[PDB]
Amino acid sequence: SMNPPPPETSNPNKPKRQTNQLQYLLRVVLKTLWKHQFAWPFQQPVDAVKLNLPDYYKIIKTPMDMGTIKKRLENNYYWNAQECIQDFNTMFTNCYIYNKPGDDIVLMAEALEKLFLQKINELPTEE
Ligand SMILES: Cc1nnc2ccc(-c3cnn(C)c3Oc3ccccc3)nn12
């Protein structure tokens, strides 16, 4: 039932880069999904206490959310685009693992994932 510490958004010894693909992931991918009508549940880590989901963190061992992704992109935490893409995929997968098909939260994740795939399809080549 307690909430774990949120995923790491700062790590000075972790190598980082600012590239055109990571810039695209913030400016295009991370803005398009953030502004969506169904973004709200995914804008911060899941609060297992407030949401009365005591089982959440016993099932979801790799939690992820757009709030964490936002901070990671803004504070230049990533080395490459694949690390960021993996975070988005982890967020959607966690939602599908914890919930059942047709659930409101699953429908919300599906709408965001559709857009995510549309935008990632246009990921620019590395400069
Ligand atoms: C379940 C479940 N599985 N992953 C997640 C991630 C976030 C949230 C979340 C955030 N705020 N509130 C009130 C939440 O609950 C719901 C429940 C149904 C629809 C919308 C939100 N729920 N959630």
# chains A, B, ... in the order shown; residues from 1 in each chain; ligands from 1
>>> select_by_dssp(residues="chain A", states="helix (DSSP H, G or I)", output="count of residues only")
67
>>> residues_around(residues="residue A:36", least_positions_apart="6", cutoff="10 Å", atoms="only C-alpha atoms", output="list in words")
residues 108, 111, 112 and 115 of chain A
>>> closest_residue(among="A:51, A:123, A:118, A:43", to="residue A:64", atoms="only C-alpha atoms")
A:43
>>> residues_around(residues="stretch 4-13 of chain A", least_positions_apart="5", cutoff="10 Å", atoms="only C-alpha atoms", output="list in words")
residues 44, 45, 46, 47, 48, 57, 62, 63, 64, 65, 67, 68, 69, 70, 71, 72, 73, 74, 75, 76, 77 and 78 of chain A
>>> residues_around(residues="residue A:79", least_positions_apart="6", cutoff="9 Å", atoms="only C-alpha atoms", output="PDB file with C-alpha atoms, in the first residue's frame")
ATOM      1  CA  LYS A  14      24.755   8.682 -15.931  1.00  0.00           C
ATOM      2  CA  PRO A  15      25.952   9.751 -19.424  1.00  0.00           C
ATOM      3  CA  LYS A  16      23.593  12.120 -21.321  1.00  0.00           C
ATOM      4  CA  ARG A  17      23.099  13.809 -24.697  1.00  0.00           C
ATOM      5  CA  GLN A  18      20.927  16.396 -26.410  1.00  0.00           C
ATOM      6  CA  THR A  19      20.147  15.160 -29.912  1.00  0.00           C
ATOM      7  CA  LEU A  22      15.441  13.496 -28.190  1.00  0.00           C
TER       8      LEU A  22
END
>>> residues_near_ligand(ligand="ligand 1", cutoff="6 Å", atoms="only C-alpha atoms and all ligand atoms", output="PyMOL selection string")
chain A and resi 41-42+46+95+104-105
>>> atom_distance(atom1="atom CA of residue A:27", atom2="atom CA of residue A:89")
18.2 Å
>>> atom_distance(atom1="atom CA of residue A:117", atom2="atom CA of residue A:55")
29.6 Å
>>> closest_residue(among="A:56, A:88, A:116, A:98", to="residue A:33", atoms="only C-alpha atoms")
A:116
>>> closest_residue(among="A:103, A:87, A:127, A:110", to="residue A:30", atoms="only C-alpha atoms")
A:87
>>> residues_around(residues="residue A:107", least_positions_apart="5", cutoff="12 Å", atoms="only C-alpha atoms", output="ChimeraX atom specification")
/A:37-39,41,92,95-96,99-102,112-114
>>> write_last_selection(atoms="C-alpha atoms", output="mmCIF file, in the first residue's frame")
data_model
loop_
_atom_site.group_PDB
_atom_site.id
_atom_site.type_symbol
_atom_site.label_atom_id
_atom_site.label_comp_id
_atom_site.auth_asym_id
_atom_site.auth_seq_id
_atom_site.Cartn_x
_atom_site.Cartn_y
_atom_site.Cartn_z
ATOM 1 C CA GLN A 37 -8.028 14.911 -23.191
ATOM 2 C CA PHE A 38 -6.911 11.482 -21.767
ATOM 3 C CA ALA A 39 -3.458 12.556 -20.606
ATOM 4 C CA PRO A 41 -4.060 9.978 -15.405
ATOM 5 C CA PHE A 92 1.413 1.758 -21.802
ATOM 6 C CA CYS A 95 -1.526 -0.011 -17.803
ATOM 7 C CA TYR A 96 -2.422 -3.092 -19.919
ATOM 8 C CA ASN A 99 -6.064 -3.466 -15.879
ATOM 9 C CA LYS A 100 -8.557 -5.486 -18.018
ATOM 10 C CA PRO A 101 -9.615 -4.876 -21.710
ATOM 11 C CA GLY A 102 -12.311 -2.247 -22.270
ATOM 12 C CA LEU A 112 -2.381 8.044 -26.303
ATOM 13 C CA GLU A 113 -0.472 5.005 -27.706
ATOM 14 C CA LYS A 114 -2.117 5.447 -31.173
#
>>> atom_distance(atom1="atom CA of residue A:86", atom2="atom CA of residue A:66")
12.1 Å
>>> closest_residue(among="A:94, A:82, A:121, A:21", to="residue A:58", atoms="only C-alpha atoms")
A:94
>>> closest_residue(among="A:61, A:50, A:31, A:119", to="residue A:97", atoms="only C-alpha atoms")
A:61
